[PDB]
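Written below as structure tokens is the structure these notes are about.
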Amino acid sequence: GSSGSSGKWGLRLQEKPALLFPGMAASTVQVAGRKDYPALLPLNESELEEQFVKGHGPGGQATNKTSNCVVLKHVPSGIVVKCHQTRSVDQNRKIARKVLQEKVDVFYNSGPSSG
Numbered sequence: 001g002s003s004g005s006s007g008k009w010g011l012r013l014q015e016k017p018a019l020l021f022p023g024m025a026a027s028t029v030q031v032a033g034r035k036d037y038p039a040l041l042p043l044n045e046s047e048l049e050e051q052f053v054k055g056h057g058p059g060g061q062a063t064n065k066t067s068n069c070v071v072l073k074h075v076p077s078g079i080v081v082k083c084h085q086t087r088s089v090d091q092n093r094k095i096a097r098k099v100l101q102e103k104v105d106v107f108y109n110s111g112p113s114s115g
């Protein structure tokens, strides 16, 4: 075997610390809080397609009969509705339009329903 040594002497220096300065304290935007800003959306009546019931085809049970049942649906939303309030087609149209408007509103303000 063998051995050895190394008397590595040395010196050092230092001084007192100095002062510092403060930093900025900015701010930023927050969440919306709410999430249902829109409601009862404008349903353009000139953008809809209606249908009229004259009877029903062979379907066994039920098989609807001739009535002033006006049918209305939303094109982009595909939601359909069948209302019958009076014997007047144009009165039933209005009533069908308002009920469809309520349904399309939530379909735009929210998502689908199980699908």
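For the sequence shown, the residue numbers in PDB author numbering are 1 to 115. All C-beta atoms in this analysis are idealised placements derived from N, C-alpha and C, irrespective of residue type, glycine included.
How is residue i classed by DSSP in three states: helix, strand or coil?
{"i": "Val53", "result": "coil"}
{"i": "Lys94", "result": "helix"}
{"i": "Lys103", "result": "helix"}
{"i": "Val89", "result": "helix"}
{"i": "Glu47", "result": "helix"}
{"i": "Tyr37", "result": "coil"}
{"i": "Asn109", "result": "helix"}
Please list, in chain order, all residues of the same chain as residue i whose beta carbon is under 7 Å from its beta carbon, the five residues on each side excluded.
{"i": "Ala96", "result": "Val70, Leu72, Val81, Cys83"}
{"i": "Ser67", "result": "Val53, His84"}
Residue range of the beta strand (DSSP E) that residue i falls in?
{"i": "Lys73", "result": "70 to 73"}
{"i": "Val81", "result": "80 to 83"}
Using the C-alpha atoms, what's the distance from residue j back to residue i?
{"i": "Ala25", "j": "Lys35", "result": "29 Å"}
{"i": "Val104", "j": "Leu48", "result": "12 Å"}
{"i": "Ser77", "j": "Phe107", "result": "7 Å"}
{"i": "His74", "j": "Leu100", "result": "7 Å"}
{"i": "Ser113", "j": "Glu102", "result": "15 Å"}
{"i": "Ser6", "j": "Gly23", "result": "48 Å"}
Enumerate in chain order the residues of its own chain whose CB-to-CB distance from residue i is below 6 Å, with the five nearest sequence positions on each side excluded.
{"i": "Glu50", "result": "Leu72"}
{"i": "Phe21", "result": "none"}
{"i": "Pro38", "result": "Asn109"}
I'd like to confirm something about residue i: is its beta-carbon nearer than 7 Å to some heavy atom of the ligand SAH, or not?
{"i": "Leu11", "result": "Ligands in the displayed structure: none, and consequently the ligand SAH is not present."}
In chain order, what residues of the same chain lie with their CB nearer than 8 Å to the CB of residue i, ignoring the 5 residues before and after it?
{"i": "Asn92", "result": "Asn68, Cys69, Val70, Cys83, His84, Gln85, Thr86"}
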